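All remarks here apply to the structure that follows.
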Protein chains: 2
Amino acid sequence: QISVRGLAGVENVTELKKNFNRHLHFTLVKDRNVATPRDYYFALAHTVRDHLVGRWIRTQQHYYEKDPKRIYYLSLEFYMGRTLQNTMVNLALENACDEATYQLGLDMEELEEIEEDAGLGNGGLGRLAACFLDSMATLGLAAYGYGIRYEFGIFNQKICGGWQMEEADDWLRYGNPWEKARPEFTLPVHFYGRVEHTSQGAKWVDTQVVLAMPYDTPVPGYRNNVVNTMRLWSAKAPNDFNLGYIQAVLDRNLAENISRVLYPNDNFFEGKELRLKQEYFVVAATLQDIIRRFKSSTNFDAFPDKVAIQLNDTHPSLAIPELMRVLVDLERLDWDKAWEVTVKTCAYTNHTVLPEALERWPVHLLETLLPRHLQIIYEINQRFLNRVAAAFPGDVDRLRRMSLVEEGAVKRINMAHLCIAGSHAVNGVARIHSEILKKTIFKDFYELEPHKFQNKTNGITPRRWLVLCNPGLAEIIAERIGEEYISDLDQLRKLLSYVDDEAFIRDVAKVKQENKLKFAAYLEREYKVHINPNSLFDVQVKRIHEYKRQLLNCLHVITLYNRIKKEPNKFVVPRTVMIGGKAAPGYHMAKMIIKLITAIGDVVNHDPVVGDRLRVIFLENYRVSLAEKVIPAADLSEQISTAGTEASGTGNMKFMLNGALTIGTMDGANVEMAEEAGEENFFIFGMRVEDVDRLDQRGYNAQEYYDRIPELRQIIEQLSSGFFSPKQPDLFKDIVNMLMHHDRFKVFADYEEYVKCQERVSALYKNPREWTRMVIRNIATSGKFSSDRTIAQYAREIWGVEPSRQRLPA
Amino acid sequence: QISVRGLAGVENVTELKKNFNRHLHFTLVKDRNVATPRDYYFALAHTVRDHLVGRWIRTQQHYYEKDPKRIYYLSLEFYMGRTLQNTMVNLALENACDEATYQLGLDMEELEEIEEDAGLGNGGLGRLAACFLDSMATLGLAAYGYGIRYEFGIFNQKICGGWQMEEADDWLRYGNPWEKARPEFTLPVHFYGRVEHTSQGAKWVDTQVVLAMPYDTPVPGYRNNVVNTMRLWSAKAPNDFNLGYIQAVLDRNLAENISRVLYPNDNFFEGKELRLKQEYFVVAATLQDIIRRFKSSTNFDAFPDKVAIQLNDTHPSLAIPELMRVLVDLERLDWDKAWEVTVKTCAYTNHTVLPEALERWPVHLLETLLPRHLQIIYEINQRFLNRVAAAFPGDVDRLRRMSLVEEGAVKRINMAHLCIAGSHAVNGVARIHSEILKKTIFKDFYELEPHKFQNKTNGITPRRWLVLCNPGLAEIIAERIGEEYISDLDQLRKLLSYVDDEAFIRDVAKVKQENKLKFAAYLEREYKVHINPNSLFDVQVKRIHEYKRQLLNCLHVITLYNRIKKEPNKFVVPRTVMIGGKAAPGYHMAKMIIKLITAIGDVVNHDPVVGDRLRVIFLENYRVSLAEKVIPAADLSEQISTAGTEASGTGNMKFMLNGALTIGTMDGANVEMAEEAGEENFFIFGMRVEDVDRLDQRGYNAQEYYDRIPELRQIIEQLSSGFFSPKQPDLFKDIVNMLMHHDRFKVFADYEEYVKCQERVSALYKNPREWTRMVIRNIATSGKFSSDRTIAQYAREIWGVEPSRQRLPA
Ligand SMILES: COc1ccc(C2=NO[C@@]3(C2)O[C@H](CO)[C@@H](O)[C@H](O)[C@H]3O)cc1
Ligand SMILES: COc1ccc(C2=NO[C@@]3(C2)O[C@H](CO)[C@@H](O)[C@H](O)[C@H]3O)cc1
């Protein structure tokens, strides 16, 4: 159909049809008479998978022959989403498969909807890892993603009576055609035990053993025939485990629980033993695999020349003392040499400055679970503090501030401090965030080792986040500037010469309208909800958190509603306000915010006076697959975190690429997005970081805003009195109390500027031509935010490797 | 190579080679450079599996079109063993695959050794189910085996310091290429809850739900293109199960534990809740599947015309009240009609008379777990006892004897009584056993309903137990009488005309010697144990149990040892005495017997005076795959249970088919084996059932035998004094005490006759020609013991269906 989706050659289509039929028969053991849509999906998935295998085998043998430096990306989260369409896109098979299935009497888009998301992440951090894997393969890097194969990913969200309910994400129920179990490469992981000091060093003895079984998933690069590997570990009990008899076999579950479930927390540290076990499990299995591959290329001097380990936040921080453990205790290297190797091998990316998100593990937990690692951490700390003391003599408070060990009620290990000490590079994820690191939380460390600190602004893959989810936009762009931009997003700048082109203005607006129509149809079909496709689609999709200020959005919605009720016969630009996202199950306030959103919708959506002028919808079960649907449909992207709290954001970049305008604070990557597009083409409002600092020094008094803003007072009185909960008048008392007395994120302080800015949004939307011209200026300057740019920077500035766009032989 | 293994055609070999290479590449994602023997096994398994699928699909569609009466074989145990060679044998692919792999530079027999046994059974009962499935497919019956997919089968046995150690049988670790998951046919199973009586009947409410997910395994018939199904259920938690959050997901294990592990008891009832859950789980899921298939052919009058349910012992006895529950509570049939349908549908096979093996479930367990079923059982009991009372007026003791409910300390339900009441046919598994049922334990029931009671003597499949495990013997037979005997074992009678044939005598003895050489080589390679292949191979392999009297064998071994020590320079026929079998983990005496056997070996095998004249070896980890190796190698089969205790035995039949002579009591099928071969061709000794009865009336006094048999006294004194355990003098005190004071199985009473009979065995072995002629007379008369004969009898006399040897189109 469309050019960017590749060729549908007679030979290819014929071969795909026969292999589809072969898999339906031999693999699925079905015939066309009893086969269901799900059977057809699997037949297609197996057919497409077959095209990966040759490339996968030859890529890995190529790395063995060439022996390049290997990049190991360690993460507790990989938010992959669906794999079928992505694989077709990267292999240039989309049009061919569309044709082949059409000739078989099937609709490929219907088949695509059957696949479960691989939801092995919470949101931004896990999705970043996924985009990074795509870019590393596209740039021809010898890269491996290492994580945990959770049996249960992020929970499925159901809304019942306006409240969030959780159910298990049983994503493996029907099988996973993309993974290949590798039980032959199973490795032991040790827990508990005790440390024994001998004539020849320390020994870790009397341990409990859990097996780590790897599953490999292919990661295809964009049309370069490179296929890299994501290796995820699954926990298995040894066969002699606890070996009355029946109970001993049943108790195997205790060991295997390590890989059972993803902790569902976004930007929050939960210091539970099971989580610590997960963190060591991935680190210990991965490091053994790395060392084995290195030895099968004695001389650990060349280790950092052949190995780079990237730590995705502090979650895999145990890699540092584990590497030291192996080099010192097992390989018999002297401490100083082992440390040199460790520092040159490891690098650390920080993803957040929120205090409650930082990992600080109780010493007593590490003492019991990992006694040798605690000893190594103590030794690292002593040698590090000796360096600090030499550099800043007599500065006793600096010593206590910089220590890896924190004293108090319970002694804790600060994992961020451990990571900085044991890495040759430390980076933040957006310019403003990286600067905040050097000025505030890591100031002492920056003063000691300034060369260590870097910035690497986040990005998103334009394969998934443009070509896959928005083929209509990809096509109209390709018509003007060709296809090269898909792996070189900076080429989008060429679209600036089309901002006054009448045909292009028309096509951009047409594609958006089509996306909005399709999404409005999706909502009626799957959720029986009705929306006006002619309204402004105002979208805030992201995890529910106080810092992200879904509450500020709520205040604006109620403001709009109240203004309509005050002057019903006055014209207003119609809006569909859509808010979606999951709350962590134990996060009370986040669950209350969801209830508030649905409660507002219950009032607003059924008021006859409002009509089709304002609709409030909560998007249930926000996940990667839903993002791919709603983002291309959006007109307005809400990026409204309190300045200094969103380290980068990546949803922001997705919206910019897909033709939505942004209303946002100068926070995270928003700053750089506005810099790229020009501030005139961005809807910027609210406090800057400096303004937040000034307010904190003064003391934030929410009452002041309540007293001086009549429209805000009305809303608070409505919430308190039970306007949005008539049967339960005091339902939202917790929300009001927080807003009035203990709001860490200063919702009221940005209210006036936000509402004012929203009026400017509505004004521009009244002028379709000028709206679209501003959209074109955003799309055209979105190039910097490709994860290809991000990964190229990591490669050159941290890993010491050169990216390549050269094809491998097919 | 050999004729019975089929053709190796140029086309077939070429196609097998290319499909092998295709699977290694696409399915396993390997190349010849990194592939291991295990990879090669899987490539072969997938290649052979492909040949099943067409036949499997067409067989099942054929049954849908023809709508024959369906046979449902319900069992908690299916002891399948390995599948690769069996599939090749039944598809006539063995020689072709041997050639194809040879041309690829691989040894197929090496590849076959990689496959794990499917050990979903304890021994005889589970193996009978497996042979039955093979015969039902070979006889073209529309038959389905239904059971549980245990994650862990019968434990692997390790011998450490002469003691049995258990480890988990993680048989699914590397995957199972033979099964096809069918998550789309998942069914709910209900537990606990309460009964609510309404206007329109009873309702079972507030239940806990566990999902039953089916896995299908193909069961190929012998060269008839029929492929039947074994459907095994796996337990899955519903996604809202227990839905803080993390613990709720972890607690899913509680539901899924139902299908985790096989109870490892042979002929013993363990009344645990988990076992009851397993029994209902298989019954509830299976019955829903049966009813669905019946409705997709309202009128339940024709149900028994289209459905037969065979209960493999009382383990699936809950099928009776479950069927009543569905028909009465859900389908709204009147009780009398539902009962008529149930009785005509169900039939019950009893497999044991040992009191400790009979299922008697505490009422309090059924009350809590299955409250509606208990109510139905009470109603069945009342109506049944009303029938008994009408037939035998005033016989109050008969009423209490026949009741399904047993009174006492704890009230129990007698499941055997339930089965007899609710089945139209009840059978024992050998003539002597079926007679014992009518004369003793079920006498009252036989008097009420004589027409119900039948015999169906057990059998074994000649495919696995001759062609597969002993191709050399199969070939020399085929050379004389052709190939038809493989599916018509009665044709072996034609070998009687060759008993004086000098060439045949030579060939039979040659095949045995070759088997003995191969097995002696297997022992050195895998266990570093050395044996004389010129010695008489004296073998007792079966589960360890007091009733099977491994202890009687031990007494003979020590007798032989003592006689050698008394007269060292006197010639004796050299023997290798081999004993193998697993003990149930909680069966103390059985574990003590294993230790005794190894302790005897420790003394006997290292005595320089004995030399190579006597060796005692314990065969570790006895299982189906080991049976296939040792049985063809055996000279003497030990079948020495106390008369009246072994219901049938099936190991006995395996040895007879493979050219071993039998030393045995007149117990189980031994009686019929001797009848078929002639008593002159069997080594019969010991008490008959009548003699055991006489001794019981008198009172068994072991001291009497001790006092009057000097050779027996010597052995007991050796055991007691610590001759076989010098470092632990009193190690075998429990064994001596049991033998002397509480031996239920009268070991001493058969000692003299046993030793005498063993002397006659040695005498005949000294004459190779006459030994072999007697062997030929055994093989020639083994035809009755084919499971094809057994299944044909079930078909005609119980199920009301006609077997067919007609081919389906290929
Ligand atoms: C479980 O602990 C955490 C889970 C998630 C996270 C984060 N999720 O999103 C964050 C940080 O990382 C993204 C990728 O760099 C950034 O774009 C977000 O701004 C940041 O909040 C931090 C800790
Ligand atoms: C767990 O409960 C039981 C397990 C096994 C058994 C049996 N195993 O072997 C038995 C009975 O059945 C075989 C098949 O009919 C017979 O050949 C054996 O003689 C009998 O002991 C009985 C109860």
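Chain A is numbered as in Swiss-Prot; shown residues: 13-255, 262-315, 325-837, in order.
Per the header of the entry, the method used was X-ray crystallography, 1.9 Å.
Cβ atoms here come from the backbone N, Cα and C positions, even for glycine.
A:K681 is the residue among A:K539, A:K555, A:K575, A:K681 that Swiss-Prot describes as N6-(pyridoxal phosphate)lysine. When the Cα of A:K681 (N6-(pyridoxal phosphate)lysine) is compared against those of the modified residues A:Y227, A:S514, A:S747, the shortest separation belongs to A:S514. In the three-state DSSP scheme, A:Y156 (site 'Can be labeled by an AMP analog') is classed as strand. A break of 9 residues separates A:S315 from A:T325 in the model, with a C-alpha distance of 11 angstrom spanning it. Here the modified residues are A:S15, A:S514, A:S748, and the one ringed by the most other CB atoms within 10 angstroms is A:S514. Nearest by CA distance to A:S747 (phosphoserine), out of the recorded positions A:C143, A:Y156, A:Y204, A:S514, is A:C143. The closest partner of A:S15 (phosphoserine) among the recorded positions, by CA position, is A:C143; the full candidate set was A:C143, A:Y227, A:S430, A:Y473. Packing around A:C143 (site 'Involved in the association of subunits') is summarised by its Cβ count: 26 other Cβ atoms lie within 10 angstroms of its Cβ, all protein chains included.
Within 10 Å of the C-beta of A:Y227 (phosphotyrosine) we count 17 further C-beta atoms, all protein chains included.
Gap check: 6 residues are unmodelled from A:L255 to A:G262, and the C-alpha separation across it is 9 Å. Take the Cα of A:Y156 (site 'Can be labeled by an AMP analog') and measure to each of the recorded positions A:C109, A:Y227, A:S430, A:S514, A:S748: the nearest one is A:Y227. Using a 10 Å Cβ-Cβ cutoff, A:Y204 (phosphotyrosine) registers 12 neighbours. For the pair A:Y204 (phosphotyrosine) and A:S430 (phosphoserine), the C-alpha distance works out to 25 angstrom.
Cα distances from A:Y473 (phosphotyrosine) to the recorded positions A:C109, A:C143, A:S748 are smallest for A:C143. Closest to A:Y227 (phosphotyrosine) in space, going by CA atoms and restricting to the modified residues A:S430, A:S514, A:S748, is A:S514.
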